[PDB]
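What follows is a single chain, given as structure tokens, in the form deposited without ligand ACO.
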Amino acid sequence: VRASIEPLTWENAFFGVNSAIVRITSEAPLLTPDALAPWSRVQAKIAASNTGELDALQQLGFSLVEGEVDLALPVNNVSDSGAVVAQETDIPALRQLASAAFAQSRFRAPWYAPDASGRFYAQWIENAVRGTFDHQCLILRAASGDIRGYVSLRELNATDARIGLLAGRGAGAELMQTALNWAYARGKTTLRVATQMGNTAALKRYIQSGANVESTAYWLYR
């Protein structure tokens, strides 16, 4: 395989690691054990259809971390869920929720430190709260005022929005409604959402809501 190797700038500073990501292309140098040597961690994300790349990377010492499915739904606005835009006072509780809900991610041990995944997703949801009109965390509340669920959303382009994080036991359907509402308000035609291949509950929920598969991928690390 031929591939460039690029430092993961944000993750390196955030995790305190010396990691890089491989980008497979015809025009890059040969990917060799020597090119891979000066890194504490190397990541690669390949199309699940590309078995040629899977075995080239495995032969270089990479291992499967997880599969990813990316899906898309037409928008299609719907029942106002009553969700509200998260405010700065919600950050402590959302960080606590997100670090727990997304504890088992591609940043799991033994690839990263035990606290890495929790930190990463807590930062993600905080970043969405401190976002912009086009990057927000929306919250559904119970009648008590407690957070029942949350969904983070971002504009991708003129037609598309993407769900970042979505979590809330028993609130999947209303969180999807919330996301569809948000995309529609911004004139988007398409809503995208990726999940882990192992997350059959999320896959089922998304497909029930009208989603279909756009792409599938493997994350591999060395």
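Note that residue numbering begins at 1 and tracks the sequence as displayed. Think of the rigid core as the biggest set of C-alphas that the two forms share within 1.5 Å after superposition. Shifts are known only where both forms have a C-alpha.
There is another form of the same protein, the form deposited with ligand ACO bound; it is not shown, and what comes next is about it.
- Although the partner is absent here, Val17 is not a contact residue: none of its heavy atoms lies within 4.5 angstroms of ligand ACO in the deposited bound form.
- Although the partner is absent here, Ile24 sits far enough away that none of its heavy atoms falls within 4.5 Å of ligand ACO in the deposited bound form.
- Although the partner is absent here, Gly67 sits far enough away that none of its heavy atoms falls within 4.5 Å of ligand ACO in the deposited bound form.
- Not displayed here, ligand ACO is approached by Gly170 to within 4.5 Å at the level of heavy atoms in the deposited bound form.
- Checking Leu166, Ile46, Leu31, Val42 against ligand ACO in the deposited bound form, a heavy atom within 4.5 Å turns up for just one residue: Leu166.
- Checking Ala194, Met197, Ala56, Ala35 against ligand ACO in the deposited bound form, a heavy atom within 4.5 Å turns up for just one residue: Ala194.
- Only one of 183-191, 170-178, 58-66, 153-161 places residue heavy atoms within 4.5 angstroms of ligand ACO in the deposited bound form, namely 170-178.
- Along 194-215, residues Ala194, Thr195, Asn199, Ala201, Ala202, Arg205, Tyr206 each place a heavy atom within 4.5 Å of ligand ACO in the deposited bound form.
- 132-134 is the only run of at least 3 consecutive shared residues whose C-alphas each shift by 2 Å or more between this form and the one not shown once the core is superposed.
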